[PDB]
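Structural overview for review
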Amino acid sequence: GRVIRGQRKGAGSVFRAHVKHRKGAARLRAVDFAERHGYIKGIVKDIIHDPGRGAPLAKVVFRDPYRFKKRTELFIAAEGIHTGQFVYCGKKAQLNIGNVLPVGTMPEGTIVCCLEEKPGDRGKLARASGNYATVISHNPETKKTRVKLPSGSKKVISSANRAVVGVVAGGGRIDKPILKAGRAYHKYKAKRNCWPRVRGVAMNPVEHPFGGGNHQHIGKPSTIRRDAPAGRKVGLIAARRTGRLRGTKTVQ
RNA sequence: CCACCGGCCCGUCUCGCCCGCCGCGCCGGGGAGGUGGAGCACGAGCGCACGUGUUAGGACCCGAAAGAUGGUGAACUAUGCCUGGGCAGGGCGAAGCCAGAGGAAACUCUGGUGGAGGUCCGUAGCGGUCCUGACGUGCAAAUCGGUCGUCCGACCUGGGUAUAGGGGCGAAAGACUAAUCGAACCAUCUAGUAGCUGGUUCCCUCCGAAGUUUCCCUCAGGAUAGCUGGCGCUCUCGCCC
RNA sequence: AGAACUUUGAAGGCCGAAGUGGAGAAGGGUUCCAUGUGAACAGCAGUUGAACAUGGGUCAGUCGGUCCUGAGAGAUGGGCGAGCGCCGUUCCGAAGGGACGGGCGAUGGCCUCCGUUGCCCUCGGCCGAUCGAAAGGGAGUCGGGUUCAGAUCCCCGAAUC
RNA sequence: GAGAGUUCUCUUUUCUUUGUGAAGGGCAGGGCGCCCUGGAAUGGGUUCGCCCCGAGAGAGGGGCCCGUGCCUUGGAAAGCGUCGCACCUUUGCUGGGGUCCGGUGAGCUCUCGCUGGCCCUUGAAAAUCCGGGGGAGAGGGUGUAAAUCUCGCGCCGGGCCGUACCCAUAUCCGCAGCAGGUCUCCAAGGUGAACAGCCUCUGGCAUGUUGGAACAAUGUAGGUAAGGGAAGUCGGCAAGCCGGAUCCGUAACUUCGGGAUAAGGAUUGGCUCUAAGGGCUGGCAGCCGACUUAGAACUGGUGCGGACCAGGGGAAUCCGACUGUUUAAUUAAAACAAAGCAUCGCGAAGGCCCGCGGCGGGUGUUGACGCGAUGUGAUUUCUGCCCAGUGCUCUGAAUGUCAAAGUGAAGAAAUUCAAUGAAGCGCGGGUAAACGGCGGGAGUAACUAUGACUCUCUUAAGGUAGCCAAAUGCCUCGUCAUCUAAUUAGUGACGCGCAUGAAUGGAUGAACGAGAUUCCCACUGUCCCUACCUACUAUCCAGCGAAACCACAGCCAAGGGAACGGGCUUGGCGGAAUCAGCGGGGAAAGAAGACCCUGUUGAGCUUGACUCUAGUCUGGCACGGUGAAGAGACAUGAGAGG
RNA sequence: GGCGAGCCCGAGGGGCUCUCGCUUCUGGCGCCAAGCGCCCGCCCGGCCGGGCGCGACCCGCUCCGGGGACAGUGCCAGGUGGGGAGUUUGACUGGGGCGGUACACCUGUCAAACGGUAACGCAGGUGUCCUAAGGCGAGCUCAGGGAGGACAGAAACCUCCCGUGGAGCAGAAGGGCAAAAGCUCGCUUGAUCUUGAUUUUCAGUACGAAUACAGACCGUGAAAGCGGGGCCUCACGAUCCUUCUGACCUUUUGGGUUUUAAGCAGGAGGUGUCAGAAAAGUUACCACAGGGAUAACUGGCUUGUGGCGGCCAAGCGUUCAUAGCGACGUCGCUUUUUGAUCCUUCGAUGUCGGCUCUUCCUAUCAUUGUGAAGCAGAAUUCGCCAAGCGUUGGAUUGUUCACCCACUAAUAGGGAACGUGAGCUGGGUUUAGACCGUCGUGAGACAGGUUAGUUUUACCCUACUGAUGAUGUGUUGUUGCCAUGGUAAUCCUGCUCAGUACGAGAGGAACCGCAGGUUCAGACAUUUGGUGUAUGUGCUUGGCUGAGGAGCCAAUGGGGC
Ligand SMILES: [Mg+2]
Ligand SMILES: [Mg+2]
Ligand SMILES: [Mg+2]
Ligand SMILES: [Mg+2]
Ligand SMILES: [Mg+2]
Ligand SMILES: [Mg+2]
Ligand SMILES: [Mg+2]
Ligand SMILES: [Mg+2]
Ligand SMILES: [Mg+2]
Ligand SMILES: [Mg+2]
Ligand SMILES: [Mg+2]
Ligand SMILES: [Mg+2]
Ligand SMILES: [Mg+2]
Ligand SMILES: [Mg+2]
Ligand SMILES: [Mg+2]
Ligand SMILES: [Mg+2]
Ligand SMILES: [Mg+2]
Ligand SMILES: [Mg+2]
Ligand SMILES: [Mg+2]
Ligand SMILES: [Mg+2]
Ligand SMILES: [Mg+2]
Ligand SMILES: [Mg+2]
Ligand SMILES: [Mg+2]
Ligand SMILES: [Mg+2]
Ligand SMILES: [Mg+2]
Ligand SMILES: [Mg+2]
Ligand SMILES: [Mg+2]
Ligand SMILES: [Mg+2]
Ligand SMILES: [Mg+2]
Ligand SMILES: [Mg+2]
Ligand SMILES: [Mg+2]
Ligand SMILES: [Mg+2]
Ligand SMILES: [Mg+2]
Ligand SMILES: [Mg+2]
Ligand SMILES: [Mg+2]
Ligand SMILES: [Mg+2]
Ligand SMILES: [Mg+2]
Ligand SMILES: [Mg+2]
Ligand SMILES: [Mg+2]
Ligand SMILES: [Mg+2]
Ligand SMILES: [Mg+2]
Ligand SMILES: [Mg+2]
Ligand SMILES: [Mg+2]
Ligand SMILES: [Mg+2]
Ligand SMILES: [Mg+2]
Ligand SMILES: [Mg+2]
Ligand SMILES: [Mg+2]
Ligand SMILES: [Mg+2]
Ligand SMILES: [Mg+2]
Ligand SMILES: [Mg+2]
Ligand SMILES: [Mg+2]
Ligand SMILES: [Mg+2]
Ligand SMILES: [Mg+2]
Ligand SMILES: [Mg+2]
Ligand SMILES: [Mg+2]
Ligand SMILES: [Mg+2]
Ligand SMILES: [Mg+2]
Ligand SMILES: [Mg+2]
Ligand SMILES: [Mg+2]
Ligand SMILES: [Mg+2]
Ligand SMILES: [Mg+2]
Ligand SMILES: [Mg+2]
Ligand SMILES: [Mg+2]
Ligand SMILES: [Mg+2]
Ligand SMILES: [Mg+2]
Ligand SMILES: [Mg+2]
Ligand SMILES: [Mg+2]
Ligand SMILES: [Mg+2]
Ligand SMILES: [Mg+2]
Ligand SMILES: [Mg+2]
Ligand SMILES: [Mg+2]
Ligand SMILES: [Mg+2]
Ligand SMILES: [Mg+2]
Ligand SMILES: [Mg+2]
Ligand SMILES: [Mg+2]
Ligand SMILES: [Mg+2]
Ligand SMILES: [Mg+2]
Ligand SMILES: [Mg+2]
Ligand SMILES: [Mg+2]
Ligand SMILES: [Mg+2]
Ligand SMILES: [Mg+2]
Ligand SMILES: [Mg+2]
Ligand SMILES: [Mg+2]
Ligand SMILES: [Mg+2]
Ligand SMILES: [Mg+2]
Ligand SMILES: [Mg+2]
Ligand SMILES: [Mg+2]
Ligand SMILES: [Mg+2]
Ligand SMILES: [Mg+2]
Ligand SMILES: [Mg+2]
Ligand SMILES: [Mg+2]
Ligand SMILES: [Mg+2]
Ligand SMILES: [Mg+2]
Ligand SMILES: [Mg+2]
Ligand SMILES: [Mg+2]
Ligand SMILES: [Mg+2]
Ligand SMILES: [Mg+2]
Ligand SMILES: [Mg+2]
Ligand SMILES: [Mg+2]
Ligand SMILES: [Mg+2]
Ligand SMILES: [Mg+2]
Ligand SMILES: [Mg+2]
Ligand SMILES: [Mg+2]
Ligand SMILES: [Mg+2]
Ligand SMILES: [Mg+2]
Ligand SMILES: [Mg+2]
Ligand SMILES: [Mg+2]
Ligand SMILES: [Mg+2]
Ligand SMILES: [Mg+2]
Ligand SMILES: [Mg+2]
Ligand SMILES: [Mg+2]
Ligand SMILES: [Mg+2]
Ligand SMILES: [Mg+2]
Ligand SMILES: [Mg+2]
Ligand SMILES: [Mg+2]
């Protein structure tokens, strides 16, 4: 009869993201004439650590092509850039690490990251630390571009959206074991209040469909369909196949 | 007034025949027999008052576990966030560094330095294992004395702030949410219902029981019959039957 | 009048600086001080008291609030809602009323010269009103003396924003 | 130097005090990742530690910032101890000494600066203010003087609000002057490693809502006890032993880090000594002061951590890796959590959720090394077999069932019939680190049995590797061996194990458990077997003074009785009022039994119990408009076919 | 626009088709226009102050992109939906649940010679079957047995005889039936219509079943007659709704026709909890109103069971029934076991065991005095009067119980609300946490196992223990009796007896006497040991009084006496 923990997550009362010490949203520059009919050069001031994120944030200063003012943007620092390196943003920019340019111009097999789903989405895909997307196809007519995302999915996107070249800095971040609960607590304290993660079979039937019984067992098939109501989707959600995997999943 | 027989009216079943025409018809009316009616067969009701009995009203009085509506609480406690404060002393000795010795080389060994740890003894702080110690109408609606675990941390704490009741919060004890939490508090519905307990106030006189039949989701109950009381009413003795 | 509980002196002791000391914040609101009585309150008593009655006591440019935002709360634009209203805070808004300068015109002061008013031209992103800390940010006062009760406040002297 | 205390004896002795605020200037001191000359290796100068050098080291010469330190204006005339002249509601003023000479320090507190370490933790914004780049503009124009001044002065103003006191074992909350709770600063001397414990100074206090007399039992705290030493008890419960430091010695096991203060030994006082461990001045010598170590001699009735302070230990089993959290007010755990190991969904018109409402909100200042939902729970090795059933998922309008809406037909119409049929269901495949499961007979070894081996029914497969009378075994106090004089206990082994078993996790397993259990050593009043002593009661008195409970009240035996009387019957018998204990009775008090049953009385929870619903997936109707190509059916006239 | 690149024709050049402009070694700056061509007012054709355009091109109907007649929105329909909400969890019952239906209907007994009469009393049944197993009429007689006949046999078929029901009548039983109610044969649906009254449980209500009639149409036999189901006792169902049948019926609302609907009567579709709701489980997290109408304690009635005795005497006992046992049978006591019933207790009697302590019982283990043996002695066994005195120390278990070691004269059995929780302990049972095994999909359950889990109050009355007292003797004191009540002593070892009696030996006593010892009781401190604050004395740690001396403080500082 009581709302479960996974159901209380959507209320946003105490489960809000700790966004106090966040430096800024990681987004690219706005598409304009100086970007679609040439390129502009900017200077990287410094890279900083964003709490709750493994990818560093590089501050880049560009010169406004219309007003006398310097524009500061926060990009995702690709691995292999240093303070003082000139970063070029535009259509006819040279293919180098750090420079952003539309995917319709780069050749096949280009390892890029921080791209956009739609032209103007301003850097939404492949933003985690050490991830990249691989361009595999091109279409001159009916402009489309096939990319392979870090999840292995091959998605077709527009040929006008941009992507910075290179892999995100901070790779291999998951190779280190947390090695104790204190480091996990300090990690999740900057992200959000979701760490304790009490098992469902430990509590009572009032707070979870799995709790109860004199023996700490589930009693019901953990595989639950997609049509289950709120507060009922627990355990595996529409598990098409369970158990230890045998090779590659190869699912589209 | 009682019992019976017969008679009349209405609804039905059987049997057959007769009469009428503002129009000669799957139109009307009539008889003799058997049944059903809360009927007729010289009518007694109406209005007011009183008494008893049943019933609906909170309905002889007092009493729930619960349900709904609308509002108040995060000054305790649980959890986030923001902004501040605090944690005596000793023990073990991680990386790195220096020097010396051994060795053909690889390299090894030794003495220091170095000061890491969700490290150890231990104070303040934070909690409360045992004595199942004292109190147990107490200092106290949860305290006190020894003995305890941890004490650089997943640490303790102040103020501000967010989440409000089938909701919040929960390192999960269904624990906490203002001494109340397996669903808070406040007011109303509400004099909620109870086949269940308790109580139910002056005298005298007369009569005076039942715990049994049948039925009911009936077995701690009710209906029915029986037992009882009251109001009468219709007659009979009172002057060889 | 009344003495073990008040006062003074002496002796013997405790708290022994993580106090039984000196100050503060929250909270209390006159409890602080002086005088006076002793039925009630103080778990016995009382000449005593934080009780009673009367009268006093809190003085700031430089102590803090007032200013600023933090987590967060919040009106208008707009949307929803039968409705009190609610969600939403930059979203779907014609959401800058101010200024540098120049020109025209009017007015006032000793109309020499300046200060204003009305209009025209040029320029000007609010990161959206507003609230949110007596421990955060936040310019600038220290020494001595003074009362029965005040001290960085009162007086003297010396400074500063 | 001033004042004070002791002086039977000694002590130039002991105690209190001995000053410079904001602001401005100068000078010491500290820091520099700041400049110039010149460039090194035989590498250099440097820290407690690192660090730095051709991108310029050592050395020499300069600059900048803080200067809370020193002197000076303030500043000695105020302030404070001293000996005095008027004076006891007129009390001010005298003069001397205070701004005297110094030193040391792993000393405590505060501050400043340098450097290092910690990370899947990067540790706040805004208001005010300043500097720089740019050069739109303004200014007298010359032996007369303007544009501007962030320079030295001078004038004026700074409004409003709070300001006492407690801040506490007596001014706050807890019904109160309640051993309870409540956030901060300052904090000395001795012992001592220390803010441990104990004793004093500055400063407070009457012993915590009363005193007098006595020291009976019982009680509450405290300490000993001859001989035995756990023989008491369910249990070593409580109590008791060691407890600090220095010097030797430290096992099994292990993840090689630990175990570990393992275990087991020796010393510890007092007063005289010796040696070592430093700085400063001059061209190897002279003075100045801190307490540390080591050794030896002498000596006290073997006493020396002399009070206080303060780890019993070892051998094993079970569980949990550990640190951490947990039921405020009966549980601290084996429970929860934890890193680690796996699985599932999601590429944003998305996944999981909130919401009565909006293309409203959380994750999201987010993008697969992310988010959301589960299981197991250090490391190592292992992860066995079953998709039959219940769940999850995927596919072809070949294929059954199938609602509205739409089409055709019959009928005067309502209406009826028929054709087609979206999801879903049904069919088929996959998935068990999804829920779960893992049987039963018969014949066979030259002593025999048990049984190598084999045949057969069953459904989806018949317990593999492991482990055990376990926290899991009814029979059971299972059998064997050890531990004991004796063992329902403990350990090891045996294993058709009613009913162990593999992420329902199984087997191990160093360290750690205020976790449960067994044994051994020292230890003690737990005991044999009790006794004595101290403080506070209890006791009597002075003063003040309730509550629980109360049908009337209280001596027993037997009988009957509602089957256990105190009162009834028969007997025993029966003198007031009282004090201190006592706990046999009053079927004693605290509560309309939390146990069992009834109620056609409720609540929490679950599901393949009944009836519904948010939500979610599909189909139809409008928003919802234009063009091309193509498929199926209906009606039309005509040509082939059975 | 060529400061550019072209594929081409081509002598100069042209554009069919096109790339398009000028920021990529470097942690610097970059804005509020230079120039050019024109237009004004002021210095005689000049200076100063201003304005426009090009620089920086023109035109246009979405600000730029990505989807798009889809997605989404409103309405409707169908799936899924304990995520959420509401409600239910039959009754009887020797407590409840499980078991069973004694819940609806029959047969026999219970049932006591009318009818009626109960239990979870006994022995059994029913929810069907039959177009014949109904009706009529006729014919025949069955089960079994005896004697014969080819295969033929215990049983094949034929014939004779006996054959009162011993067979059959659909099925459980009872009653009934012989030219029959049984078997066979032939026609047949009277197993069809209609209105009443009556019988059975009965309230004399209904349903079901049944009886006798009456009114029409039929069957059958020739006929009298029989038949409106089964030879009789059971074989079955209200309201509302649905369906069917009949009128040449009634109403369909202002009046007509028709479809439809409603209406009358009787047949069916069911209430098996059967006089008829539509209904799963758990709560050890539990709550409320009650019940001793109703279990888990004790007590009380009986003792089946348990224990303890007696009688008979077949036999054991080498002989021999009864020294000692004593079967087959049978008669008694006990509530120290369990069980049966539920009488008091539900506004509570605190429910295991252990520790401490008192008293009682005897069915006597030992001790005192005795009798009998297969009692030579010793050691033993069976009884008598006999409860005065004892009936222990430990290992494991919560244990009652049970086993073991050792001691001992003996290590006997019990009662007092299964004595004793305002005396204690909390070891287990028996709350809430949690683990394992089994069961259940689940919540959860287990007289299955293992861990941690608040033990409250006396100051009242009585009883008991002790102390003041009271009554009466005129007052007081001293010395004295006891009526009454209590009552305390018990056991064992060593020596002489005595290596004697006895006994073939082995072995081996007893009375008197002498030393003692165990338990218990009364005291007592000379000696020994405890206690110790005479805070008695003398050392000693830290601090303090200036230092010696004398001292004090550290909750009686510690320790030697
Ligand atoms: Mg967990
Ligand atoms: Mg739980
Ligand atoms: Mg649930
Ligand atoms: Mg199961
Ligand atoms: Mg009421
Ligand atoms: Mg309800
Ligand atoms: Mg509400
Ligand atoms: Mg709070
Ligand atoms: Mg630690
Ligand atoms: Mg250790
Ligand atoms: Mg502590
Ligand atoms: Mg405590
Ligand atoms: Mg506590
Ligand atoms: Mg405990
Ligand atoms: Mg206690
Ligand atoms: Mg007490
Ligand atoms: Mg401790
Ligand atoms: Mg410890
Ligand atoms: Mg520790
Ligand atoms: Mg509700
Ligand atoms: Mg509470
Ligand atoms: Mg409610
Ligand atoms: Mg009432
Ligand atoms: Mg009845
Ligand atoms: Mg009558
Ligand atoms: Mg005094
Ligand atoms: Mg003192
Ligand atoms: Mg301090
Ligand atoms: Mg203090
Ligand atoms: Mg006074
Ligand atoms: Mg008083
Ligand atoms: Mg006062
Ligand atoms: Mg007053
Ligand atoms: Mg002033
Ligand atoms: Mg201020
Ligand atoms: Mg709002
Ligand atoms: Mg509006
Ligand atoms: Mg403000
Ligand atoms: Mg002053
Ligand atoms: Mg003051
Ligand atoms: Mg100064
Ligand atoms: Mg110093
Ligand atoms: Mg003040
Ligand atoms: Mg207090
Ligand atoms: Mg306190
Ligand atoms: Mg000190
Ligand atoms: Mg020292
Ligand atoms: Mg006193
Ligand atoms: Mg007090
Ligand atoms: Mg002793
Ligand atoms: Mg001794
Ligand atoms: Mg010993
Ligand atoms: Mg022992
Ligand atoms: Mg035991
Ligand atoms: Mg202990
Ligand atoms: Mg060993
Ligand atoms: Mg060890
Ligand atoms: Mg010397
Ligand atoms: Mg643990
Ligand atoms: Mg917590
Ligand atoms: Mg506890
Ligand atoms: Mg979203
Ligand atoms: Mg693991
Ligand atoms: Mg497996
Ligand atoms: Mg399959
Ligand atoms: Mg249609
Ligand atoms: Mg054989
Ligand atoms: Mg096996
Ligand atoms: Mg083992
Ligand atoms: Mg033992
Ligand atoms: Mg199993
Ligand atoms: Mg098994
Ligand atoms: Mg001792
Ligand atoms: Mg009596
Ligand atoms: Mg009795
Ligand atoms: Mg009696
Ligand atoms: Mg009584
Ligand atoms: Mg009487
Ligand atoms: Mg009487
Ligand atoms: Mg008394
Ligand atoms: Mg008592
Ligand atoms: Mg009751
Ligand atoms: Mg009932
Ligand atoms: Mg509840
Ligand atoms: Mg567009
Ligand atoms: Mg429900
Ligand atoms: Mg019942
Ligand atoms: Mg009779
Ligand atoms: Mg009869
Ligand atoms: Mg016949
Ligand atoms: Mg029969
Ligand atoms: Mg018969
Ligand atoms: Mg007839
Ligand atoms: Mg019935
Ligand atoms: Mg229920
Ligand atoms: Mg629970
Ligand atoms: Mg009864
Ligand atoms: Mg009973
Ligand atoms: Mg009681
Ligand atoms: Mg009692
Ligand atoms: Mg006796
Ligand atoms: Mg008892
Ligand atoms: Mg227990
Ligand atoms: Mg329990
Ligand atoms: Mg002889
Ligand atoms: Mg002889
Ligand atoms: Mg004695
Ligand atoms: Mg003596
Ligand atoms: Mg002595
Ligand atoms: Mg002494
Ligand atoms: Mg001394
Ligand atoms: Mg001395
Ligand atoms: Mg003290
Ligand atoms: Mg002593
Ligand atoms: Mg002694």
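Residues numbered from 1 in each chain as written, not as in the entry; some residues may be left out. Chains lettered and ligands numbered in written order. Part of a larger assembly, values for the part shown. Heavy atoms only, no water.

Chain A has the name 60S ribosomal protein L8 in the PDB entry, where Mus musculus is given as its organism. This deposition appears in the PDB under the title "Mus musculus brain neocortex ribosome 60S bound to Ebp1". UniProt's Subunit (literature references left out) comment on chain A is quoted here verbatim: "Component of the large ribosomal subunit. Interacts with CRY1." In its Sequence similarities section, the UniProt entry covering chain A states "Belongs to the universal ribosomal protein uL2 family." (UniProt positions renumbered as here; feature names shortened; annotations may be inferred.)

1. Observations concerning the overall build of chain A
Scanning chain A from terminus to terminus reveals 2 helices and 10 strands. Each helix and strand of chain A, placed in order from N terminus to C terminus, yields the pattern α-β-β-β-β-β-β-β-β-β-β-α. Taken over C-alpha atoms, the radius of gyration comes to 23 Å for chain A, far larger than the 18 Å a tight globule of 252 residues would show. Considered along the principal axes of its C-alpha atoms, chain A spans approximately 70 × 40 × 30 Å. A total of 252 residues make up chain A; the buried ones form 32% of that total. Of the contacts formed within chain A by residues at least 6 apart in sequence, a portion of 53% connects residues at least 24 apart. (Helix = DSSP H or I, 4+ residues; strand = E, 2+ residues; numbered from the N terminus. Rg over C-alpha atoms; globule rule 2.2 N^0.38 Å. Buried < 20%, exposed > 50% of the residue type's maximum accessible area, 1.4 Å probe, protein only. Contact = heavy atoms within 4.5 Å.)

2. Considerations on the pairing of strand β3 (residues 70-76)
In this sheet, β3 lies alongside strand β2 (residues 57-63) in antiparallel orientation, the contact comprising 7 bridges. In the sheet register, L57 faces β3, and the bridge partner there is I76. The loop that links β2 with its antiparallel partner β3 comprises 6 residues. (Pairing = 2+ DSSP bridges.)

3. Observations regarding the protein's contact with RNA strand E
Neighbouring RNA strand E are 30 residues, the closest being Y39, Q94, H215, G219 and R225. Within 4 Å of the protein, atoms of RNA strand E come from sugar and phosphate in 51% of cases. The contact in question runs from a base oxygen of RNA strand E to an N or O atom on the side chain of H215, over 2.7 Å. Counting residues per element, the ones that place at least two in the surface near RNA strand E are β1 (39-48) and β4 (86-90). Looking at which element gives the most residues to the surface near RNA strand E, the answer is β1, with 4 residues. For the surface near RNA strand E, the residue count by class is 11 nonpolar, 13 polar and 6 charged. (Near = heavy atom within 4 Å. Polar contact = N/O pair within 3.5 Å; in protein donor to acceptor, adjacent residues only side chain to side chain. Nonpolar A, V, L, I, M, F, W, Y, C, P; charged D, E, K, R; others polar.)

4. Notes on the side chain of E35
Tracing the backbone shows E35 in helix α1 (residues 33-36). Given a relative accessible area of 4%, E35 falls into the buried group. Not counting the four nearest positions on each side in its chain, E35 is found in contact with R29, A30, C89, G90, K91 and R162.

5. As for a positive patch on the surface
Residues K23, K45, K59 and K70 make up a contiguous surface patch of positive charge. Tracing the sequence through the fold places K59 in strand β2. (Patch = residues over 30% accessible without salt bridge, like charges linked within 9 Å, V, L, I, M, F, W, Y side chains within 5 Å. Areas by Shrake-Rupley, 256 points an atom, 1.4 Å probe, with all protein chains shown as cover. Salt bridge = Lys/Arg side-chain N within 4 Å of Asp/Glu carboxyl O. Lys, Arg positive; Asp, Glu negative; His and termini not counted. Charge placed at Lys NZ, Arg CZ, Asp CG, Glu CD.)

6. Things to note about the environment of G212
Here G212 lies in the segment after α2 (181-191). We classify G212 as buried; its relative accessible area is 18%. Taking C-alpha positions, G212 is 37 Å from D175, a pair spaced 37 residues apart along the chain. Filtering out sequence-adjacent residues up to four positions away, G212 remains in contact with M203, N204 and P205.

7. A closer look at the pattern of salt bridges
With the rule as written, the count across this model stands at 6 salt bridges. Ionic pairing is found between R29 and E35, a salt bridge with its closest N-O pair at 3.6 Å. Here the two residues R29 and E35 agree in accessibility, since each one is buried. A single salt-bridge network, built from bridges that share partners, covers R29, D32, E35, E116 and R162.

8. Overview of the protein's contact with RNA strand B
Near RNA strand B lie 24 residues; those nearest to it are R2, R8, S13, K180 and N204. Among all atoms of RNA strand B positioned within 4 Å of the protein, those belonging to sugar or phosphate total 54%. Separating a base nitrogen of RNA strand B from a backbone N or O atom of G182 is a distance of 3.0 Å. In this structure, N204 approaches RNA strand B through a side-chain N or O atom, which is 2.8 Å from a sugar or linking oxygen. Residue composition of the surface near RNA strand B, by class: 10 nonpolar, 8 polar and 6 charged.

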